[PDB]
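Text of entry-v1.pdb (PDB, C-alpha atoms) as supplied:
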```
ATOM      1  CA  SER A1856     -56.580 -37.229 -13.388
ATOM      2  CA  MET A1857     -55.354 -35.457 -10.194
ATOM      3  CA  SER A1858     -58.009 -35.810  -7.419
ATOM      4  CA  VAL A1859     -60.418 -37.418 -10.026
ATOM      5  CA  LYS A1860     -60.838 -41.158  -9.746
ATOM      6  CA  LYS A1861     -63.188 -43.825 -11.054
ATOM      7  CA  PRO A1862     -64.868 -45.851  -8.300
ATOM      8  CA  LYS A1863     -62.436 -48.355  -6.561
ATOM      9  CA  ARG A1864     -62.741 -51.949  -7.999
ATOM     10  CA  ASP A1865     -62.203 -54.518  -5.228
ATOM     11  CA  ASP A1866     -58.864 -56.154  -6.105
ATOM     12  CA  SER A1867     -58.276 -57.753  -2.651
ATOM     13  CA  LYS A1868     -59.157 -61.301  -3.879
ATOM     14  CA  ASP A1869     -57.214 -61.151  -7.184
ATOM     15  CA  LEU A1870     -54.139 -62.965  -5.774
ATOM     16  CA  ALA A1871     -56.228 -65.851  -4.499
ATOM     17  CA  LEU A1872     -58.311 -66.061  -7.586
ATOM     18  CA  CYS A1873     -55.194 -66.004  -9.976
ATOM     19  CA  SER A1874     -53.793 -68.843  -7.806
ATOM     20  CA  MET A1875     -56.947 -70.888  -8.260
ATOM     21  CA  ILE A1876     -56.930 -70.375 -12.017
ATOM     22  CA  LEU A1877     -53.270 -71.383 -12.136
ATOM     23  CA  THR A1878     -54.085 -74.545 -10.110
ATOM     24  CA  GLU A1879     -56.728 -75.442 -12.648
ATOM     25  CA  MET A1880     -54.211 -74.897 -15.504
ATOM     26  CA  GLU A1881     -51.569 -76.990 -13.644
ATOM     27  CA  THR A1882     -53.936 -79.935 -13.275
ATOM     28  CA  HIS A1883     -55.380 -79.982 -16.818
ATOM     29  CA  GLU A1884     -54.344 -83.141 -18.645
ATOM     30  CA  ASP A1885     -52.878 -81.087 -21.551
ATOM     31  CA  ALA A1886     -50.640 -78.953 -19.248
ATOM     32  CA  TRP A1887     -47.596 -81.326 -19.625
ATOM     33  CA  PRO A1888     -45.759 -79.221 -22.306
ATOM     34  CA  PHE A1889     -46.059 -76.132 -20.044
ATOM     35  CA  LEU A1890     -45.379 -77.332 -16.482
ATOM     36  CA  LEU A1891     -41.607 -76.684 -16.448
ATOM     37  CA  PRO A1892     -39.194 -74.406 -18.289
ATOM     38  CA  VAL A1893     -38.126 -75.714 -21.738
ATOM     39  CA  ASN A1894     -34.597 -77.185 -21.331
ATOM     40  CA  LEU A1895     -32.527 -74.704 -23.360
ATOM     41  CA  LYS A1896     -29.529 -77.053 -23.448
ATOM     42  CA  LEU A1897     -31.608 -79.894 -24.932
ATOM     43  CA  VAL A1898     -34.000 -78.206 -27.368
ATOM     44  CA  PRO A1899     -32.220 -76.806 -30.393
ATOM     45  CA  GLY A1900     -33.428 -73.455 -31.602
ATOM     46  CA  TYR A1901     -35.421 -72.573 -28.432
ATOM     47  CA  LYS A1902     -32.960 -70.230 -26.806
ATOM     48  CA  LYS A1903     -32.403 -68.068 -29.888
ATOM     49  CA  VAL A1904     -35.916 -68.048 -31.186
ATOM     50  CA  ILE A1905     -38.012 -67.591 -28.001
ATOM     51  CA  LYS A1906     -36.944 -64.323 -26.566
ATOM     52  CA  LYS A1907     -38.988 -64.622 -23.328
ATOM     53  CA  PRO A1908     -39.519 -68.253 -22.185
ATOM     54  CA  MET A1909     -42.419 -68.712 -19.736
ATOM     55  CA  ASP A1910     -43.959 -71.782 -18.064
ATOM     56  CA  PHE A1911     -46.490 -72.553 -15.317
ATOM     57  CA  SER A1912     -43.860 -73.312 -12.621
ATOM     58  CA  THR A1913     -42.218 -69.911 -13.280
ATOM     59  CA  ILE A1914     -45.593 -68.157 -13.122
ATOM     60  CA  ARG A1915     -46.321 -70.009  -9.846
ATOM     61  CA  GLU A1916     -43.031 -68.805  -8.312
ATOM     62  CA  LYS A1917     -43.581 -65.200  -9.513
ATOM     63  CA  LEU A1918     -47.153 -65.317  -8.099
ATOM     64  CA  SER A1919     -46.077 -66.751  -4.755
ATOM     65  CA  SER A1920     -43.294 -64.108  -4.319
ATOM     66  CA  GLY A1921     -45.217 -60.907  -5.178
ATOM     67  CA  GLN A1922     -43.709 -60.363  -8.553
ATOM     68  CA  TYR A1923     -47.064 -59.650 -10.282
ATOM     69  CA  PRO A1924     -48.077 -56.049  -9.589
ATOM     70  CA  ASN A1925     -51.634 -56.663 -10.813
ATOM     71  CA  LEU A1926     -53.898 -59.323 -12.442
ATOM     72  CA  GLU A1927     -53.076 -58.030 -15.990
ATOM     73  CA  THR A1928     -49.356 -58.750 -15.637
ATOM     74  CA  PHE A1929     -50.359 -62.280 -14.535
ATOM     75  CA  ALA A1930     -52.531 -62.787 -17.688
ATOM     76  CA  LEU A1931     -49.711 -61.497 -19.905
ATOM     77  CA  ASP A1932     -47.355 -64.238 -18.663
ATOM     78  CA  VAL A1933     -50.031 -66.971 -19.055
ATOM     79  CA  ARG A1934     -50.682 -65.761 -22.658
ATOM     80  CA  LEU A1935     -46.863 -65.656 -23.249
ATOM     81  CA  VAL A1936     -46.746 -69.367 -22.543
ATOM     82  CA  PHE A1937     -49.262 -69.963 -25.418
ATOM     83  CA  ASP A1938     -47.768 -67.423 -27.772
ATOM     84  CA  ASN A1939     -44.405 -69.085 -27.348
ATOM     85  CA  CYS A1940     -45.947 -72.481 -27.987
ATOM     86  CA  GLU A1941     -47.515 -71.227 -31.255
ATOM     87  CA  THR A1942     -44.214 -69.682 -32.338
ATOM     88  CA  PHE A1943     -42.342 -72.980 -31.973
ATOM     89  CA  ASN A1944     -44.857 -75.762 -32.696
ATOM     90  CA  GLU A1945     -46.969 -76.684 -35.698
ATOM     91  CA  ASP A1946     -50.811 -76.404 -35.085
ATOM     92  CA  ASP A1947     -51.006 -80.059 -36.190
ATOM     93  CA  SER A1948     -48.794 -81.539 -33.395
ATOM     94  CA  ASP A1949     -49.661 -82.795 -29.953
ATOM     95  CA  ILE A1950     -47.960 -79.771 -28.307
ATOM     96  CA  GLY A1951     -49.459 -77.376 -30.857
ATOM     97  CA  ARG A1952     -52.977 -78.661 -30.059
ATOM     98  CA  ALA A1953     -52.248 -78.669 -26.315
ATOM     99  CA  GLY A1954     -51.431 -74.975 -26.492
ATOM    100  CA  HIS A1955     -54.624 -74.069 -28.303
ATOM    101  CA  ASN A1956     -56.659 -76.077 -25.844
ATOM    102  CA  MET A1957     -55.011 -74.547 -22.740
ATOM    103  CA  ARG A1958     -55.358 -71.039 -24.117
ATOM    104  CA  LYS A1959     -59.114 -71.617 -24.614
ATOM    105  CA  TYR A1960     -59.452 -73.107 -21.126
ATOM    106  CA  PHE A1961     -57.606 -70.110 -19.643
ATOM    107  CA  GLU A1962     -59.542 -67.420 -21.469
ATOM    108  CA  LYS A1963     -62.855 -68.836 -20.307
ATOM    109  CA  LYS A1964     -61.800 -69.022 -16.656
ATOM    110  CA  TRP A1965     -60.390 -65.499 -16.960
ATOM    111  CA  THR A1966     -63.639 -64.011 -18.387
ATOM    112  CA  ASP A1967     -65.848 -65.930 -15.922
ATOM    113  CA  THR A1968     -63.757 -64.952 -12.907
ATOM    114  CA  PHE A1969     -63.057 -61.274 -13.681
ATOM    115  CA  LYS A1970     -65.337 -59.935 -16.593
TER
END
```
Please render this file's structure as structure tokens.
Amino acid sequence: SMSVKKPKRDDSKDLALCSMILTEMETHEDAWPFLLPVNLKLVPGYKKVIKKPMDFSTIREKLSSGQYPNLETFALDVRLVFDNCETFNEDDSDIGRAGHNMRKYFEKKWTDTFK
């Protein structure tokens, strides 16, 4: 509360560390469905159904331009990518499986880096 603060967590490396995680997600062999924005002209149903599209290239640009106020807003957009994928793709599809795999890969790196 006013003039009453928990001890200051060092957040000075968060930007660099989020960037390194994102590099590791970008280079994973199952990243291909997620690298670029879904083409809303060419994929029927996507525009109407997926209210907030997100992809790695869009996260990279937001990261690089100071549009994440903290590491939690960064994680929310990564998770959005996988939540969208689950909304639109059957579990038993290449893309469906890719999204489960990448979500797992992310959550481990997140816990190991920050928790």
Quiz prompt | Which of A:1952, A:1906, A:1861, A:1868 sits closest to residue 1888 in chain A [using all atoms listed in the file] | solution =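 Going through A:1952, A:1906, A:1861, A:1868 one by one, the smallest distance to residue 1888 in chain A is for A:1952.
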Quiz item: Quick one: of A:1890, A:1881, A:1858, A:1871, who's nearest to residue 1926 in chain A, counting only C-alpha atoms?
Solution: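 Distance minimum relative to residue 1926 in chain A lands on A:1871.
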Any chance you could work out the residue set of the PyMOL selection byres ((chain A and resi 1925) around 12) here, as a PDB file with C-alpha atoms, in the frame of the given file?
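Saved as part16.pdb:
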```pdb
ATOM      1  CA  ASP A1866     -58.864 -56.154  -6.105  1.00  0.00           C
ATOM      2  CA  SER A1867     -58.276 -57.753  -2.651  1.00  0.00           C
ATOM      3  CA  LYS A1868     -59.157 -61.301  -3.879  1.00  0.00           C
ATOM      4  CA  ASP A1869     -57.214 -61.151  -7.184  1.00  0.00           C
ATOM      5  CA  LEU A1870     -54.139 -62.965  -5.774  1.00  0.00           C
ATOM      6  CA  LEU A1872     -58.311 -66.061  -7.586  1.00  0.00           C
ATOM      7  CA  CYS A1873     -55.194 -66.004  -9.976  1.00  0.00           C
ATOM      8  CA  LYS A1917     -43.581 -65.200  -9.513  1.00  0.00           C
ATOM      9  CA  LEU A1918     -47.153 -65.317  -8.099  1.00  0.00           C
ATOM     10  CA  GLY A1921     -45.217 -60.907  -5.178  1.00  0.00           C
ATOM     11  CA  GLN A1922     -43.709 -60.363  -8.553  1.00  0.00           C
ATOM     12  CA  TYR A1923     -47.064 -59.650 -10.282  1.00  0.00           C
ATOM     13  CA  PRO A1924     -48.077 -56.049  -9.589  1.00  0.00           C
ATOM     14  CA  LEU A1926     -53.898 -59.323 -12.442  1.00  0.00           C
ATOM     15  CA  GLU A1927     -53.076 -58.030 -15.990  1.00  0.00           C
ATOM     16  CA  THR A1928     -49.356 -58.750 -15.637  1.00  0.00           C
ATOM     17  CA  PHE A1929     -50.359 -62.280 -14.535  1.00  0.00           C
ATOM     18  CA  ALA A1930     -52.531 -62.787 -17.688  1.00  0.00           C
ATOM     19  CA  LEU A1931     -49.711 -61.497 -19.905  1.00  0.00           C
ATOM     20  CA  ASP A1932     -47.355 -64.238 -18.663  1.00  0.00           C
TER      21      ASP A1932
END
```
Quiz item: Within 12 Å of (-37.1, -68.1, -23.9), all atoms listed in the file: residues as a ChimeraX atom specification?
Solution: /A:1892-1896,1898-1910,1913,1935-1936,1938-1940,1942-1943
Quiz item: What does the PyMOL selection byres ((chain A and resi 1878) around 12) select in this file, as a PyMOL selection string?
Solution: chain A and resi 1871-1877+1879-1883+1886+1890+1911-1912+1914-1915+1918+1961+1964
Determine, counting only C-alpha atoms, which protein, DNA and RNA residues have an atom within 7 Å of an atom of residue 1954 in chain A; residues of the same chain fewer than 4 positions away are not included. Present the result as a CSV table (one decimal) with C-alpha atoms, in the frame of the given file.
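In the end it all went to selection13.csv:
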```csv
chain,number,residue,atom,x,y,z
A,1937,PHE,CA,-49.3,-70.0,-25.4
A,1940,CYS,CA,-45.9,-72.5,-28.0
A,1950,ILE,CA,-48.0,-79.8,-28.3
A,1958,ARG,CA,-55.4,-71.0,-24.1
```
Practice problem: Can you work out the spacing between CA of residue 1897 in chain A and CA of residue 1955 in chain A in Å, to one decimal? | Solution: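 Answer for the CA of residue 1897 in chain A to CA of residue 1955 in chain A separation: 24.0 Å.
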Quiz item: Could you work out how far CA of residue 1885 in chain A lies from CA of residue 1953 in chain A, giving the answer in Å with one decimal?
Solution: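 Distance between the two atoms: 5.4 Å.
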Exercise. Using CA of residue 1941 in chain A and CA of residue 1962 in chain A as the two end points, give the distance in Å to one decimal.
Key: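 That distance, rounded to one decimal, is 16.0 Å.
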Quiz item: Quick one: of A:1860, A:1889, A:1969, A:1919, who's nearest to residue 1957 in chain A, counting all atoms listed in the file?
Solution: A:1889
Where is the centre and how long are the edges: axis-aligned box on range 1949-1966 of chain A, 6 Å on each side, Å to one decimal, as lines of an AutoDock Vina configuration file:
```
center_x = -55.8
center_y = -73.4
center_z = -23.8
size_x = 27.7
size_y = 30.8
size_z = 26.2
```
Some atoms are missing, so please complete range 1898-1916 of chain A with N, CA and C atoms and return it as a tab-separated table (two decimals), keeping the file's coordinate frame.
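As a result, result_3.tsv now contains:
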```tsv
chain	number	residue	atom	x	y	z
A	1898	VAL	N	-33.05	-78.46	-26.29
A	1898	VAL	CA	-34.00	-78.21	-27.37
A	1898	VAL	C	-33.40	-77.18	-28.29
A	1899	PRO	N	-32.77	-77.69	-29.37
A	1899	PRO	CA	-32.22	-76.81	-30.39
A	1899	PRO	C	-33.19	-75.76	-30.90
A	1900	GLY	N	-32.70	-74.55	-31.04
A	1900	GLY	CA	-33.43	-73.46	-31.60
A	1900	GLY	C	-34.19	-72.64	-30.57
A	1901	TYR	N	-34.50	-73.26	-29.42
A	1901	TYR	CA	-35.42	-72.57	-28.43
A	1901	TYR	C	-34.89	-71.29	-27.88
A	1902	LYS	N	-33.62	-71.38	-27.43
A	1902	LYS	CA	-32.96	-70.23	-26.81
A	1902	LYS	C	-32.93	-69.01	-27.70
A	1903	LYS	N	-32.51	-69.21	-28.95
A	1903	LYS	CA	-32.40	-68.07	-29.89
A	1903	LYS	C	-33.73	-67.53	-30.37
A	1904	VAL	N	-34.65	-68.44	-30.60
A	1904	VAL	CA	-35.92	-68.05	-31.19
A	1904	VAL	C	-36.88	-67.42	-30.18
A	1905	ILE	N	-36.95	-68.01	-29.00
A	1905	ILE	CA	-38.01	-67.59	-28.00
A	1905	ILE	C	-37.40	-66.62	-27.02
A	1906	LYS	N	-37.69	-65.36	-27.24
A	1906	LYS	CA	-36.94	-64.32	-26.57
A	1906	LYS	C	-37.31	-64.24	-25.05
A	1907	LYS	N	-38.56	-64.62	-24.72
A	1907	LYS	CA	-38.99	-64.62	-23.33
A	1907	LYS	C	-39.70	-65.93	-22.96
A	1908	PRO	N	-38.95	-66.94	-22.56
A	1908	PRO	CA	-39.52	-68.25	-22.18
A	1908	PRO	C	-40.41	-68.03	-20.97
A	1909	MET	N	-41.51	-68.79	-20.91
A	1909	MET	CA	-42.42	-68.71	-19.74
A	1909	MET	C	-43.06	-70.09	-19.59
A	1910	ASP	N	-43.35	-70.49	-18.35
A	1910	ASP	CA	-43.96	-71.78	-18.06
A	1910	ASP	C	-44.75	-71.66	-16.78
A	1911	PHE	N	-45.61	-72.65	-16.49
A	1911	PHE	CA	-46.49	-72.55	-15.32
A	1911	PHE	C	-45.73	-72.51	-14.01
A	1912	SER	N	-44.64	-73.27	-13.89
A	1912	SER	CA	-43.86	-73.31	-12.62
A	1912	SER	C	-43.21	-71.94	-12.29
A	1913	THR	N	-42.78	-71.24	-13.32
A	1913	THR	CA	-42.22	-69.91	-13.28
A	1913	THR	C	-43.30	-68.87	-12.93
A	1914	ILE	N	-44.47	-69.02	-13.51
A	1914	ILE	CA	-45.59	-68.16	-13.12
A	1914	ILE	C	-45.94	-68.41	-11.64
A	1915	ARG	N	-46.00	-69.68	-11.23
A	1915	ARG	CA	-46.32	-70.01	-9.85
A	1915	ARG	C	-45.33	-69.36	-8.85
A	1916	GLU	N	-44.05	-69.43	-9.14
A	1916	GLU	CA	-43.03	-68.81	-8.31
A	1916	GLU	C	-43.13	-67.25	-8.29
```
